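Written out below as structure tokens is the structure these notes cover.
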Amino acid sequence: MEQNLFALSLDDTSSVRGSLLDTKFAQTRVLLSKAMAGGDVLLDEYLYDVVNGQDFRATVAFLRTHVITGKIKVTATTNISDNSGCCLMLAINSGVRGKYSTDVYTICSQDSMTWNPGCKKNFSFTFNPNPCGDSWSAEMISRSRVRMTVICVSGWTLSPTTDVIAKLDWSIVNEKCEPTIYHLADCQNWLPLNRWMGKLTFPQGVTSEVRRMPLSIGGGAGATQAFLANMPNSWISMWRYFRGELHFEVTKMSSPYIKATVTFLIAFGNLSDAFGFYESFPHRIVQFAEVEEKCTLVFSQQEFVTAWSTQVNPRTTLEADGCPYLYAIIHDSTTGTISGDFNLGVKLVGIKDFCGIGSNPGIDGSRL
Amino acid sequence: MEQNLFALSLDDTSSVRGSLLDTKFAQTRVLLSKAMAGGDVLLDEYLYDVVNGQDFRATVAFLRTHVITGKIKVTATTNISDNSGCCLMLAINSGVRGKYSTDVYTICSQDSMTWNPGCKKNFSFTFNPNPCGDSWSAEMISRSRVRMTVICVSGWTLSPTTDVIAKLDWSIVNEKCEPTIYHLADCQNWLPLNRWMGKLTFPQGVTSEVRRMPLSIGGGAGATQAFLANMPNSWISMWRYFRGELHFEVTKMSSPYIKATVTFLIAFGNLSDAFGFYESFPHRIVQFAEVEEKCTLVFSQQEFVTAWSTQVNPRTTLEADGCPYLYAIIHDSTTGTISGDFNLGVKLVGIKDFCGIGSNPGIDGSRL
Amino acid sequence: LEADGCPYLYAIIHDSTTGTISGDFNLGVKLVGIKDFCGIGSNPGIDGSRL
Amino acid sequence: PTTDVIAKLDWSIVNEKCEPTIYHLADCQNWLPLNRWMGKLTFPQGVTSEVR
Amino acid sequence: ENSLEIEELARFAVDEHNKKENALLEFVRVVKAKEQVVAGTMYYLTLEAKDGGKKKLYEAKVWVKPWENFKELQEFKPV
């Protein structure tokens with residue numbers, strides 16, 4: 001029998017939706033070398049080139065659906081014996097410019113998962129590839145040149161026998177795509193940053209190991225006669241002085257076998273190494289279990305008297321630098337049956353109750 | 001963040017479902033030659049080979065879904081000027097054997113659409129490729145060798161300027177797959193058949209044109225020193241005598257321009273041509289409009305006194321043959337501005353209130 | 001395998017077999033039982049094992 | 001291991017009812033136990049597409 | 001039509017054409033592909049390949065028997 005073809009449901013502009021099987025649209029195969037270093041690009045391709053040569057249930061729906069209101073979930077099913085561990089970081093950035101830096105610092109901003117295969121069997125995270133709207137499409141991200149980058153921030157503490165593979169499973173979940181928009185309001189409730197405060201290596205042994213990371217975060221991170229920049233870190237340097245509850249996220253990057261206990265505290269630069277009374281200050285102890293890999297330090301408003309400067313002159317010494325630092329001090333000693341350093345990654349997630357004062361003319365440099 | 005991967009919804013055994021866009025799984029391109037004849041295979045391939053080299057929304061879902069409870073809708077969007085017309089027949093059969101017959105008679109049984117592009121803009125029909133169950137799969141029909149066949153039963157009455165194409169759109173709708181199972185109960189409420197009673201050509205002119213089609217349908221249709229067979233027609237010949245309300249479906253195969261009025265009636269073979277009182281019998285007149293193409297004659301139980309035989313000896317003449325015929329008589333004359341015969345296709349759809357008597361030893365032959 | 005219309009149970013490595021120590025990733029599958037079992041017909045028999 | 005190992009089995013008698021497991025020729029059955037060893041699957045260490 | 005399979009078949013076309021005719025066409029991409037179920041599958045491909053570093057379009061016909069490792073380039077030509 002005949003029917004009126006104009007009135008059929010062929011102009012169905014639904015988003016992609018269903019179970020996790022029927023929304024999967026690509027799988028990606030990352031090769032982790034037996035002997036990989038820190039700061040080492042494992043994968044680096046455009047997010048649309050992920051879906052080339054694919055034949056999953058939602059692959060054709062993904063390409064052809066004009067609007068998608070759901071987020072992209074990516075899950076990474078990589079594992080390794082507790083004996084070893086490393087730290088991978090997958091990360092999505094809205095674009096590129098020629099001959100780009102792939103230092104962890106540069107990348108992490110915007111949208112990223114960081115995990116240690118040694119501890120976490122798998123790791124998933126959702127994100128919105130259009131950061132200033134509720135929607136996106138396959139055609140948007142192909143032409144916008146959205147860029148996915150997997151990087152190894154810390155090498156294998158004990159190398160596996162053979163090469164490894166990380167399978168990424170790109171799906172579309174059904175959460176609302178909420179936008180992350182930075183703006184120039186002086187008082188903001190939550191200013192996210194995802195600023196890589198730095199990788200902290202502590203060698204195995206007995207010595208007083210102390211690591212300072214300055215909270216004058218603005219004006220990027222260092223290189224040769226050069227400096228690197230995220231957007232959010234460049235954004236916070238718009239203001240001269242600032243303050244707020246700082247929400248760090250400290251992560252283990254070595255294996256579970258390398259054990260160490262770490263005190264974190266706010267304090268000023270003048271304090272030397274071999275000053276044995278760091279626990280006079282208020283502080284937070286961080287022991288990691290075998291399975292735990294991630295821990296969130298928060299430092300309230302009572303840790304800071306006044307606001308402090310976003311940038312400082314590079315040539316100021318630790319002796320005359322009146323902005324606060326975040327100390328990370330080994331409480332006992334770095335130990336283990338196997339050789340390898342106790343790596344530890346600190347990441348300023350965001351500032352709560354942010355208050356930005358003034359208007360930075362700027363400084364030009366990075367570290368303090 | 002991590003999640004337990006065993007407990008995700010990746011073992012989703014849902015059927016394919018959604019709009020007609022999201023259930024489309026293949027399109028097929030049939031070429032109709034400018035000068036095509038009757039009994040002419042246009043397309044003939046396995047139903048699973050339809051989906052080879054395809055990239056629609058439900059293509060991968062179709063192949064990979066283990067069970068599908070929905071029917072397959074196929075729609076054919078072929079058209080031509082009212083001036084001309086032909087008769088295509090798409091038809092699905094559960095299998096094959098080497099060097100097979102592709103006569104309309106053989107094919108139509110089971111599941112088929114017949115349409116005239118001249119009248120009907122498009123034509124759709126649903127069907128179940130597993131005829132004895134509620135479900136099927138792509139893997140079932142690939143290995144079962146389900147066979148789709150498009151045939152031209154009547155050529156173009158007036159040829160088009162160029163070659164034509166018929167686009168078939170294979171989808172999966174969400175109707176229940178109901179089985180069609182034949183069985184040996186003597187009284188049945190509805191015995192479907194889809195038996196091709198025959199193509200009736202009436203030339204243009206003035207003469208008394210009369211066409212008899214015997215209702216001793218059993219024992220196939222003729223060939224050389226051979227005969228053809230459907231299953232349902234072989235099934236009805238299991239019984240010796242039978243009766244019931246017969247539901248014919250007479251269809252136009254020529255263009256709308258060739259016009260003719262046709263009386264149908266039940267009567268016995270002895271009645272000659274040039275016997276001018278056919279409308280003494282009870283009868284049914286069939287005029288077709290430009291747009292109408294299909295009309296259903298029903299002949300109640302009051303048209304038949306007793307049951308009649310399913311098969312008759314081939315050598316019985318019309319003079320001594322006591323089973324009823326279905327006459328098709330031109331009421332006026334076959335006319336038109338353009339040359340071409342008035343073709344007309346009769347198809348016994350099924351017998352209602354079927355009553356099968358006895359047990360046929362069999363006869364071996366076809367026509368009477 | 002090309003012309004065998006019964007189902008298989010596939011077991012596929014999703015990523016890669018790994019470890020600090022050498023040794024294969026052994027894994028033992030055991031069909032415990034069939035629930036809602038439905039047995040049709042009457043096997044004459046075949047004589048052999050694998051397919 | 002460094003040395004040989006020993007497994008100590010402790011045979012006791014608990015107080016559960018001894019229920020019988022009897023196979024029979026009913027065509028439809030609710031639970032047909034089998035304990036059929038489908039097979040041991042070795043996957044070597046490495047990167048290749050291993051399918052069993 | 002699984003685009004991954006077609007990409008591999010298109011590369012096979014350019015590689016077989018190069019072997020057969022002693023050429024050095026550089027494969028760029030597939031543009032068009034038709035699968036037609038036959039005795040096996042027949043593929044009609046339209047693809048871009050660089051001649052002397054110059055992008056050009058070609059038509060290829062490729063016959064595959066999926067039950068064997070049989071792939072055969074039946075014809076290859078510029079459009």
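Identifiers in this document derive from the order of the structure tokens: chains are assigned A, B, ..., residues are numbered from 1 separately in each chain, and ligands are numbered from 1 in order of occurrence.
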Exercise answer, chain B residues close to chain C, 12 Å and only C-alpha atoms, as a ChimeraX atom specification: /B:5,66,139-144
All residues 8 Å or closer to stretch 22-39 of chain E, only C-alpha atoms, same chain fewer than 3 positions away omitted, as an MDAnalysis selection string: (chainID B and resid 45:46 49:50 52:54) or (chainID E and resid 1 6:7 10:11 14 17:19 42:53 55 65)
For those residues, write N, CA, C and O atoms to a file as a short mmCIF file (atom, residue, chain, number, x, y, z; two decimals), in the first residue's frame.
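Output file out_16.cif is given in full below:
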data_model
loop_
_atom_site.label_atom_id
_atom_site.label_comp_id
_atom_site.auth_asym_id
_atom_site.auth_seq_id
_atom_site.Cartn_x
_atom_site.Cartn_y
_atom_site.Cartn_z
N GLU B 45 18.67 -10.80 -5.84
CA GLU B 45 19.78 -11.05 -4.93
C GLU B 45 19.28 -11.51 -3.58
O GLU B 45 18.10 -11.36 -3.26
N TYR B 46 20.20 -12.06 -2.80
CA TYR B 46 19.90 -12.46 -1.43
C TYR B 46 19.57 -11.22 -0.61
O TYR B 46 20.21 -10.19 -0.78
N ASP B 49 22.51 -9.60 1.05
CA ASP B 49 23.42 -8.85 0.14
C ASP B 49 22.92 -7.44 -0.23
O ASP B 49 23.66 -6.66 -0.84
N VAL B 50 21.67 -7.13 0.11
CA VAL B 50 21.12 -5.78 0.04
C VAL B 50 21.95 -4.84 0.89
O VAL B 50 22.28 -3.75 0.45
N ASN B 52 25.04 -4.92 1.89
CA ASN B 52 26.47 -4.81 1.64
C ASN B 52 26.83 -3.46 1.03
O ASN B 52 26.23 -3.03 0.04
N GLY B 53 27.80 -2.79 1.65
CA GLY B 53 28.25 -1.46 1.22
C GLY B 53 27.27 -0.38 1.60
O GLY B 53 26.98 0.50 0.79
N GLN B 54 26.74 -0.46 2.82
CA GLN B 54 25.72 0.48 3.30
C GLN B 54 26.11 1.13 4.62
O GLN B 54 26.84 0.55 5.43
N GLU E 1 27.66 0.13 3.78
CA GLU E 1 29.07 0.11 3.39
C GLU E 1 30.05 0.57 4.49
O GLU E 1 30.20 1.76 4.76
N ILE E 6 36.23 -0.32 3.08
CA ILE E 6 36.36 0.35 1.80
C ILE E 6 37.67 1.11 1.65
O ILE E 6 38.25 1.16 0.56
N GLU E 7 38.14 1.69 2.75
CA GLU E 7 39.44 2.35 2.77
C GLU E 7 40.53 1.32 2.47
O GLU E 7 41.35 1.53 1.58
N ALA E 10 40.25 0.31 -1.23
CA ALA E 10 40.76 1.39 -2.09
C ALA E 10 42.29 1.43 -2.16
O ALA E 10 42.84 1.63 -3.24
N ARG E 11 42.95 1.24 -1.01
CA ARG E 11 44.42 1.16 -0.95
C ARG E 11 44.90 -0.06 -1.72
O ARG E 11 45.87 0.01 -2.45
N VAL E 14 44.87 0.76 -5.51
CA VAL E 14 46.01 1.56 -5.93
C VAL E 14 47.31 0.74 -5.91
O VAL E 14 48.11 0.80 -6.87
N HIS E 17 47.06 -1.84 -8.82
CA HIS E 17 47.27 -1.12 -10.07
C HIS E 17 48.76 -0.80 -10.26
O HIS E 17 49.29 -0.97 -11.36
N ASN E 18 49.44 -0.39 -9.18
CA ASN E 18 50.87 -0.09 -9.22
C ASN E 18 51.71 -1.33 -9.56
O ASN E 18 52.60 -1.28 -10.39
N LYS E 19 51.41 -2.44 -8.90
CA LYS E 19 52.06 -3.72 -9.20
C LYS E 19 51.82 -4.10 -10.66
O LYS E 19 52.77 -4.27 -11.42
N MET E 42 31.14 -7.41 -4.98
CA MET E 42 31.83 -6.59 -5.96
C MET E 42 31.74 -5.17 -5.48
O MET E 42 30.68 -4.74 -5.02
N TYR E 43 32.86 -4.45 -5.58
CA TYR E 43 32.95 -3.07 -5.12
C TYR E 43 33.27 -2.13 -6.28
O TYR E 43 34.22 -2.37 -7.03
N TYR E 44 32.50 -1.06 -6.42
CA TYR E 44 32.85 -0.02 -7.38
C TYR E 44 33.30 1.21 -6.62
O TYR E 44 32.52 1.84 -5.91
N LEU E 45 34.57 1.55 -6.77
CA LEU E 45 35.15 2.58 -5.94
C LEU E 45 35.48 3.77 -6.81
O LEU E 45 35.80 3.63 -7.99
N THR E 46 35.34 4.95 -6.23
CA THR E 46 35.81 6.17 -6.84
C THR E 46 36.81 6.69 -5.80
O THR E 46 36.48 6.74 -4.61
N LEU E 47 38.02 7.03 -6.22
CA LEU E 47 39.05 7.41 -5.26
C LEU E 47 40.00 8.48 -5.79
O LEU E 47 40.13 8.66 -6.99
N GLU E 48 40.64 9.21 -4.88
CA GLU E 48 41.67 10.16 -5.24
C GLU E 48 43.02 9.52 -5.04
O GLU E 48 43.27 8.88 -4.02
N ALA E 49 43.89 9.72 -6.03
CA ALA E 49 45.27 9.26 -6.00
C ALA E 49 46.13 10.32 -6.68
O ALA E 49 45.68 10.96 -7.63
N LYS E 50 47.35 10.53 -6.20
CA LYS E 50 48.26 11.48 -6.83
C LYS E 50 49.11 10.78 -7.90
O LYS E 50 49.71 9.73 -7.66
N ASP E 51 49.12 11.34 -9.10
CA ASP E 51 49.93 10.81 -10.18
C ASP E 51 51.37 11.27 -9.97
O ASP E 51 52.16 10.62 -9.28
N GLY E 52 51.71 12.42 -10.55
CA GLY E 52 53.01 13.00 -10.34
C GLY E 52 52.85 14.09 -9.32
O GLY E 52 53.11 15.27 -9.60
N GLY E 53 52.38 13.71 -8.13
CA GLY E 53 52.04 14.66 -7.09
C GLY E 53 50.82 15.50 -7.44
O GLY E 53 50.62 16.58 -6.88
N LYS E 55 46.67 15.40 -7.73
CA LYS E 55 45.47 14.67 -7.33
C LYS E 55 44.57 14.38 -8.53
O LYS E 55 44.27 15.27 -9.33
N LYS E 65 36.11 -12.39 -2.34
CA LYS E 65 35.49 -13.57 -1.76
C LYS E 65 35.83 -13.62 -0.28
O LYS E 65 36.94 -13.99 0.08
#
DSSP-assigned alpha helix (DSSP H) among stretch 129-255 of chain B, expressed as a list in words: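 These are the residues in question: residues 138, 139, 140, 141, 142, 143, 231, 232, 233, 234, 235 and 236 of chain B.
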Atoms kept (N, CA, C and O atoms) for selection, written as an mmCIF file, in the first residue's frame:
data_model
loop_
_atom_site.group_PDB
_atom_site.id
_atom_site.type_symbol
_atom_site.label_atom_id
_atom_site.label_comp_id
_atom_site.auth_asym_id
_atom_site.auth_seq_id
_atom_site.Cartn_x
_atom_site.Cartn_y
_atom_site.Cartn_z
ATOM 1 N N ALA B 138 19.739 -10.793 11.213
ATOM 2 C CA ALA B 138 20.551 -10.673 10.033
ATOM 3 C C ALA B 138 21.329 -11.951 9.748
ATOM 4 O O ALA B 138 21.495 -12.337 8.586
ATOM 5 N N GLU B 139 21.819 -12.597 10.798
ATOM 6 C CA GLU B 139 22.554 -13.835 10.613
ATOM 7 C C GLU B 139 21.658 -14.980 10.188
ATOM 8 O O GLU B 139 22.109 -15.892 9.482
ATOM 9 N N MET B 140 20.397 -14.943 10.601
ATOM 10 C CA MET B 140 19.447 -15.952 10.154
ATOM 11 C C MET B 140 19.235 -15.871 8.642
ATOM 12 O O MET B 140 19.375 -16.871 7.942
ATOM 13 N N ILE B 141 18.931 -14.678 8.148
ATOM 14 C CA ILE B 141 18.613 -14.507 6.727
ATOM 15 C C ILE B 141 19.807 -14.578 5.775
ATOM 16 O O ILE B 141 19.610 -14.777 4.575
ATOM 17 N N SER B 142 21.025 -14.421 6.286
ATOM 18 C CA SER B 142 22.230 -14.566 5.448
ATOM 19 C C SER B 142 22.503 -16.031 5.140
ATOM 20 O O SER B 142 22.810 -16.401 4.002
ATOM 21 N N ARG B 143 22.370 -16.849 6.176
ATOM 22 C CA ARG B 143 22.642 -18.273 6.095
ATOM 23 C C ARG B 143 21.440 -19.079 5.583
ATOM 24 O O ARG B 143 21.623 -20.094 4.894
ATOM 25 N N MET B 231 4.441 -23.208 -2.863
ATOM 26 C CA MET B 231 4.144 -24.077 -1.759
ATOM 27 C C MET B 231 2.647 -24.040 -1.495
ATOM 28 O O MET B 231 2.029 -25.098 -1.439
ATOM 29 N N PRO B 232 2.044 -22.839 -1.334
ATOM 30 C CA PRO B 232 0.638 -22.832 -0.964
ATOM 31 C C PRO B 232 -0.280 -23.484 -1.969
ATOM 32 O O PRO B 232 -1.257 -24.102 -1.575
ATOM 33 N N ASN B 233 0.037 -23.370 -3.244
ATOM 34 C CA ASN B 233 -0.710 -24.073 -4.249
ATOM 35 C C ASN B 233 -0.499 -25.594 -4.205
ATOM 36 O O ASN B 233 -1.411 -26.353 -4.531
ATOM 37 N N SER B 234 0.699 -26.039 -3.838
ATOM 38 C CA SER B 234 0.946 -27.466 -3.626
ATOM 39 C C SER B 234 0.262 -27.955 -2.377
ATOM 40 O O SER B 234 -0.102 -29.118 -2.284
ATOM 41 N N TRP B 235 0.119 -27.067 -1.405
ATOM 42 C CA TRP B 235 -0.519 -27.403 -0.141
ATOM 43 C C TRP B 235 -2.003 -27.608 -0.292
ATOM 44 O O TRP B 235 -2.556 -28.502 0.329
ATOM 45 N N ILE B 236 -2.665 -26.767 -1.076
ATOM 46 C CA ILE B 236 -4.094 -26.918 -1.225
ATOM 47 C C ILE B 236 -4.416 -28.187 -2.003
ATOM 48 O O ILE B 236 -5.447 -28.787 -1.766
#
Polymer residues at most 12 Å from residue C:14, only C-alpha atoms, same-chain spacing of 3 or more positions, as a list in words: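 The residues that qualify are residues 27, 28, 29, 76, 77, 78, 79, 122, 164, 165, 166, 167, 168 and 169 of chain A; 5 of chain B; 10, 11, 17 and 18 of chain C; 43, 47, 48, 49, 50 and 51 of chain D.
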Excluding stretch 242-248 of chain A and any residue of its chain fewer than 3 positions from it, enumerate the residues within 7 Å of it, using only C-alpha atoms, and give them as a tab-separated table (two decimals) with C-alpha atoms, in the first residue's frame.
chain	number	residue	atom	x	y	z
A	296	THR	CA	41.88	16.77	47.46
A	297	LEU	CA	43.56	19.31	49.66
A	298	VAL	CA	41.47	22.38	50.37
A	299	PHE	CA	42.93	25.52	51.94
A	300	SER	CA	40.29	27.79	53.45
A	301	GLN	CA	40.22	31.58	53.73
A	307	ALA	CA	45.14	38.69	48.75
A	308	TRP	CA	48.48	38.11	47.04
A	309	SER	CA	49.83	38.96	43.63
A	310	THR	CA	49.06	36.85	40.55
A	346	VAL	CA	49.61	18.62	42.10
A	347	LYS	CA	46.89	20.34	40.15
A	348	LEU	CA	45.05	23.47	41.28
A	349	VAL	CA	41.54	22.54	40.24
A	350	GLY	CA	39.89	25.79	41.03
A	351	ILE	CA	39.43	28.70	43.34
A	352	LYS	CA	36.21	28.91	45.32
A	353	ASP	CA	34.95	32.27	46.50
A	354	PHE	CA	37.43	33.89	44.13
A	355	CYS	CA	38.06	37.56	44.63
A	356	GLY	CA	40.16	39.35	42.00
A	357	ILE	CA	41.47	42.80	42.75
Contact residues (chain E, partner chain C, 12 Å, only C-alpha atoms) as number ranges by chain: E: 65-68
